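Participant: Here come the first chain(s), positioned as in the complex:
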Amino acid sequence: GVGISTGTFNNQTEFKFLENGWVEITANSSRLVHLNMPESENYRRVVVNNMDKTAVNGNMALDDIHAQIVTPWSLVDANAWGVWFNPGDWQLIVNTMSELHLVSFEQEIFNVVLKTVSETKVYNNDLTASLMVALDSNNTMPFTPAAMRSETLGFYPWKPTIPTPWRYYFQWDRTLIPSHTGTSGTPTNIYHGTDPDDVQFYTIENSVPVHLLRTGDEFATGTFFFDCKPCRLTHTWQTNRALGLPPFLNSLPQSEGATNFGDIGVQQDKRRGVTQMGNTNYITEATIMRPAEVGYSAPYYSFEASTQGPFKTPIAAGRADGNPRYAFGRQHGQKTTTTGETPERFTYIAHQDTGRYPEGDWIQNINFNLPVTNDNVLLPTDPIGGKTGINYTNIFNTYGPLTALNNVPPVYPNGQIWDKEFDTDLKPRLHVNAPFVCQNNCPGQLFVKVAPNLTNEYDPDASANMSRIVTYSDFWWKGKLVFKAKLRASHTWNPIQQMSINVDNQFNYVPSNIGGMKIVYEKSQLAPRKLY
Amino acid sequence: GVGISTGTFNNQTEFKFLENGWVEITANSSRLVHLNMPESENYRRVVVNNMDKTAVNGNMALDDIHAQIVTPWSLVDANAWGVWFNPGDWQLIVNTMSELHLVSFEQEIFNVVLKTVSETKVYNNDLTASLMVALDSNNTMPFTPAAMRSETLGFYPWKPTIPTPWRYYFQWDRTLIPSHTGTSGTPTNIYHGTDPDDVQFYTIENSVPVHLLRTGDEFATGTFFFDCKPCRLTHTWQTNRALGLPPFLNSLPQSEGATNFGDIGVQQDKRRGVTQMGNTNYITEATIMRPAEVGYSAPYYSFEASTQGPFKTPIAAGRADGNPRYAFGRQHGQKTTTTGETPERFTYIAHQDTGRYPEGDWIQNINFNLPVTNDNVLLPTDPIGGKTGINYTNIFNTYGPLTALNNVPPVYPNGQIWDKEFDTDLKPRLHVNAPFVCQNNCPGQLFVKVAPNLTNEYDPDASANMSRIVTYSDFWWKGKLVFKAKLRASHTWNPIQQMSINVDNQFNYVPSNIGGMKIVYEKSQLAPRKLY
């Protein structure tokens, strides 16, 4: 009946140790989730069109034109690290573990409460009303990770949280020709509507069964199981210069200090080795044949425009370009006592040295007369197409068979845990948004809604919105995400980098006078790893 | 369902008589515990700083500076004697039983009722809301015995009671250089913040499971089992002067009265026996060797300072130095019909003679010429450091390998029953606050809270505190605390001191005209026992 509890609340992280240095990290999590009824029971097709902003020349990158189907449902999304680990648990993981697997995931909605607002205000229990709950176990609906809009569940167990009102992308065609300031024409900036071939109008009611939980009942998902390749909590320092055997230092220093450098004792054009610039006798530090290329140069800040308008091309690793800029509100790390709509932001400068420094690059003629003349060398200071501010590195691309990369690091507390693989025939090698990629299916999105409490005056043949007795739900969500992780080993003599509390960062991890609480970014990959 | 009770109030105590002179005393205690919702859901960090009162010189001992983590949860603490035994039961224990063991302890919360307040006031039941209940079975939370503040459950079975709002100490660093009145200038009274090395921030949600009871189901703790050493309900009178064989008396008195003393026959330098004064022939009751020292002189009213500011050095046995002074409110013994904030107070003058009388002490020179001259004896009339008010016994310690001591007596009704042993590598001989001390684990602290009963207006991103439906709960708590105790035997001819109702103390044990009740303090070690 009504008065019997339908479950329990758990936010314990349990570390169970196993054979051979493995640990099973059972990250229990639980939250009180609050849900108002939808603005309308209908599905809407809404077009956003900021021609007011993009019609100003030069503001082409501020295009927000898109079409979306607004759904009368809300999504309970736990796909962010902050939902699962408090910072001490994260410290234990990143300091102690080396590689990290994702094992299982399960959810439960329980202790549903429904309450109506009446008349001053009087709140009364709707013991007869129901909470509609759907689990897209078959991945029928379009996938939408809430982390990329900072819309996941909250990161504090003691604060209630809300689900995101769900929406998905309808198809549209849009063209936006680039223009700079002072072009003095009108660029073609128009919206073409929808290709009829590519129309899709999903609905929760047709796609998936819906359970009508009243108050004394509980919903439990199955125990999902992943098959992902490992994430690694260790970074690589070795660029191309670091791979392989250094040259023999024939003349070592005889006294201490920084000024006493060591010298290679043989002329550069009578050294012994192998090089790929075959016409050149010089075997330098920079020209000797390495096995492969670590990382790749990319055309940074370039936009392709498919039919759906311009978009920034992704970059695998940063030096700046590449390093993501997470921005988030008060559920998700900002000081909860802050006043204002301005979000807190950080750029995650990853530890991995896989990236590039474009100002050091250059191209030069095949003849390779080493005291290069200006005509024989193309430098980052040189213009392309007459534009002083654009140089060749902005358009350059060195991706090739010899390129070697690392998967993107975890980004606690805001970043994703998992993402689903593309449905394409040829599939991307790495996802820039999440470390683990579900290979063939991913956890079903859990959609939640409060059923219509109709008024006695309702008449479906009338055109106006149906009068609904105002009702809202509070319900408890429980989740259990299991990881399998390997404890590290101290291969090297020296101590490694480790996450630590210090005088500077102390008060980020304890509340203020008035319960002001925050969570700060903590770097996931700390220990160096021998790439070669 | 809703309408079915889930437990029986029981405040009896059985005395079950086992073979071989042991009684299993089962104490049951039941209380209606009333719980308002917390002032704020967020964990707060609050520093208290009475610089204003400690900056005036001489007020060093009034130092109240501390930091604490004010917590939404409230604690149900039953660790006091008055919760379990009434004066009649306590009489039957102390008057008849020589030693007392703890056996087991268990708790049950039952018959939860949740109610909501709406503005005149109308009180309505909320069958959907839930009491949040958590048990720290693992003792992972910081231990907080409520008896030291007199915030335990109430000691009357009929009155309802309230649980203590929970809080625990945080790190802080402080220096308070002392100063008498008339000091030239201000001492360094300053607060240094918190060491990052020492930060521990605990939360119930991340540490222990939590149960969302609602109105219809119970929470029950398994039978915890103690292993503590016996508390002995009998006191020792024998000072060093009363250990061993008294001297032989040659001239016994021949008539009655106090004037007719008996005399030892032979001169003090011609007596026989063992002294521990190698250069002295006088054998006297002060000088004759004894097996060991009962009790120890300790530096009385010595305040001692750590990183966290000054504190009193505790003392194991009092004579009024050392003897504990309890201040307590109307839940816990004061006459309930009295007005005013002012607590009732007693000082527990224990029977046992393990204490000291500092004004009688003295130290004299090794040479030990008998009628000791002024220069050769240091008396308690003599000033250390020129301070007339501070004689040597204030600065004096005689703890040693020969010190013998008793455990602290039980104090009824306010004294603690059990206490947790320290996680130090070297553990103290006794705790001055409770007779029994848990060797390896102690009963789990029971935390309670009422869930956030939100309103429709809630937005987690809003800076202001969440709007909550004003909720309170009453839940019946039932405890069962089992002891095992040994019946005494009459070894002496003479009868022993006993607790008794008399014309003076009569009306302390029955209610007043308007139903006021009190519980006076009762002495727990009445029968004398043989030390040697």
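Facilitator: Yep, that arrived. Residues are numbered from 1 along each chain as shown, chains lettered A, B, ... in the order given.

Participant: hey, let's count contacts and neighbours off CA atoms from now on
Facilitator: Fine.

Participant: So the residue most central in space within chain A versus chain B, what's the distance?
Facilitator: Nearest to the geometric centre of chain A sits residue A:433, at 3.3 Å (Cα atoms, centre = their mean). Relative to chain B, residue A:433 is positioned 24 Å away (Cα to the nearest Cα, to the nearest Å).

Participant: That residue is in contact with residue A:411, isn't it?
Facilitator: No. Using Cα atoms under 8 Å, residue A:433 is not in contact with residue A:411; the gap is 9.4 Å.

Participant: Please spell out which residues along the lengthiest helix in chain A are buried.
Facilitator: The residue-count maximum for a helix in chain A (DSSP state H) belongs to helix A:87-96. Neighbour counts over helix A:87-96 (16 or more other Cα atoms under 10 Å in any protein chain shown) mark A:87, A:89, A:90, A:91, A:93, A:94, A:95, A:96 as buried.

Participant: Contact partners for the residue in chain A sticking out farthest from the centre?
Facilitator: Using Cα atoms, centre = their mean, the residue of chain A lying farthest from its centre is residue A:254. It sits 51.2 Å away. With contact taken as Cα atoms under 8 Å, 6 or more residues apart in numbering or on different chains, residue A:254 is in contact with residue A:260.

Participant: mind checking the SS state of it?
Facilitator: coil (DSSP: H, G, I helix; E, B strand; the rest coil).

Participant: OK, contacts around the closest residue to chain B within the stretch 151-300 of chain A?
Facilitator: When distances are taken as Cα to the nearest Cα, the stretch 151-300 of chain A reaches nearest to chain B at residue A:161, 6.1 Å away. Residues near residue A:161 by Cα under 8 Å, 6+ apart: A:31, A:32, A:33, A:34, A:153, A:154, A:331, B:460.

Participant: and then chain C:
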Amino acid sequence: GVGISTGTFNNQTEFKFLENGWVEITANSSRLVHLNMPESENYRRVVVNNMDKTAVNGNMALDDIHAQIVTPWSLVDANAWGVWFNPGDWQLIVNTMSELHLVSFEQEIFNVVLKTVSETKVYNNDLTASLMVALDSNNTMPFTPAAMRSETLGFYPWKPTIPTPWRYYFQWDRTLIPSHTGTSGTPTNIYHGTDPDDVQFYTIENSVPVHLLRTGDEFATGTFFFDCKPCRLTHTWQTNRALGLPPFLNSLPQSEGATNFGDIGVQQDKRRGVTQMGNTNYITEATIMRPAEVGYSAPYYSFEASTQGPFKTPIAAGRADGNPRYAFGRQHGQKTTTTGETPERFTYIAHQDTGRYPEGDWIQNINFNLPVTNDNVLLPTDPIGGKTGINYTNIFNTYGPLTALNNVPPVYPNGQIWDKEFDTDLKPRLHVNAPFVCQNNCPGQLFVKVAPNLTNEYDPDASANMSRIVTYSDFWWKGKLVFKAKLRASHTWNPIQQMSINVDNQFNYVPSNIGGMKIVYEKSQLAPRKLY
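Facilitator: To build on what is shown above, here is chain C added in:
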């Protein structure tokens, strides 16, 4: 056979993971040890008498007068942390473990080579000479921890080492009456000789069976197994002021910032609680009855005289006094390429707050009037004995039955691992120099010597010392030490302090331009632990 190798070098650390969160840590250590022949074969009794330095008044603590037996043997001592663990392994231990047991120890000598020098210098193999090796399995000889003098095996595997020449204390009687500068005359400073009742002359030749290893043979000390209680790698932040339930705060702060404190609502004389002060109604955080006493005050820089001369009385834990100060050489952590004789030094400021701050002490009269008048309070500024520098806290001792204490922390690399328990009938609670103390037996000391290669001219009747063929030995030593440690768990929300490499300490842990090395000290007890 001469040429067959007799062992294998091993300096690896294996971290082997057991059930239930235990890690078996197998530290292997291997060294080359160089042993010249003794200066003379005879046992020598030598007395050191530095009257030239201590006859100057005030040079009392510079007393070095002692007697010792200078023994031809040399001791191979591995009893120090740096012999076994490098900084990376120690980082893993301190950052990831919680308690650390000590399991077993074994030793080996292998690949012995003997050589002789003939006059330019010619080096010739001594195929027939032998190295005397003696294990004192029964501990007949006095235990002699070389780490006290910083003469253990060196901490670098790739650098040879030399063993300490063995010596032990003979008995001597001494009196040194102290004096200050400007004392009237030369005080008693005399060497009395030796008490015949206490004479003990030990020879390795008579007390242990001596093995003779030529070149093709080994000696393997079988596995000794310890039974020591665990060392804890966590530190206790709570002092007495932070034990128990904090006082309830009525005036919670309503705005951010350190300058907005909370306040207790109730006046100090109307405040509920318990105090060990029978005549004081003021309950305050200094006076409230804590369970026991964490730490203790001791007479700081007190020197005490035995039969054999003055010595520093030791202190269990420091704030300064009590904190150990190490002086160590090139083998044991100093920059190996430094010129000069001066040792490198550090003072190990342990993280535990069990120490005292003597400037905050005060003692006040039993009446306890609050604005204390000068006569009624003794401060650390007041003179005692008429001396202005010495104050009462130099004499004071707070040690009592209520004292709780922590064991000595590990000090990496120069501190001991184990030490032998004293043979006294009552044994100390702790040792100030090793974390583990062997309960009944401790691993045997290994004494090494190169046997005499006599010349043909030898005659025992000759007055002069014998003639020897100048010879020395190099032998490879290997040892294995096994620990059993428990991995930590993240109880707190907040991260803990952790050992890390950073820009300040980066070049401490890696070799220099001309191959220098150092080992900087590293703190053991990092993570906080709760007492109560």
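
Participant: mind redoing the contacts of residue A:254 now chain C's in there?
Facilitator: A:260, C:514.

Participant: what pairs with the closest residue in space to residue A:307 that isn't next to it in sequence across the strands?
Facilitator: Closest residue in space to residue A:307, ignoring its immediate chain neighbours: residue A:173 at 5.2 Å, by Cα to Cα, 6 or more residues apart in numbering or on different chains. Beta-bridge pairing for residue A:173 (DSSP bridges): residue A:193.

Participant: contacting residues for residue A:173?
Facilitator: Residues near residue A:173 by Cα under 8 Å, 6+ apart: A:191, A:192, A:193, A:194, A:195, A:307, A:308, A:309.

Participant: And the furthest pair within these?
Facilitator: The largest separation in the contacts of residue A:173, counting by Cα to Cα, is between A:195 and A:309 at 13.9 Å.

Participant: ok, the two, which is more surrounded?
Facilitator: Higher neighbour count among residue A:195 and residue A:309: residue A:309, with 19 against 11, using other Cα atoms under 10 Å in any protein chain shown.

Participant: what about the residue nearest to the residue nearest to the centre of chain A when sequence neighbours are not counted, distance to residue A:318?
Facilitator: Nearest non-adjacent residue to residue A:433, counting by Cα to Cα, 6+ apart: residue A:416, 6.6 Å away. Residue A:416 sits 19 Å away from residue A:318, taking Cα to Cα, to the nearest Å as the criterion.

Participant: Run a quick neighbour tally on residue A:428.
Facilitator: Neighbourhood size, residue A:428 [other Cα under 10 Å]: 10.

Participant: One more: the one 4 residues further on?
Facilitator: Burial of residue A:432 is recorded as 17 neighbouring residues (other Cα under 10 Å).
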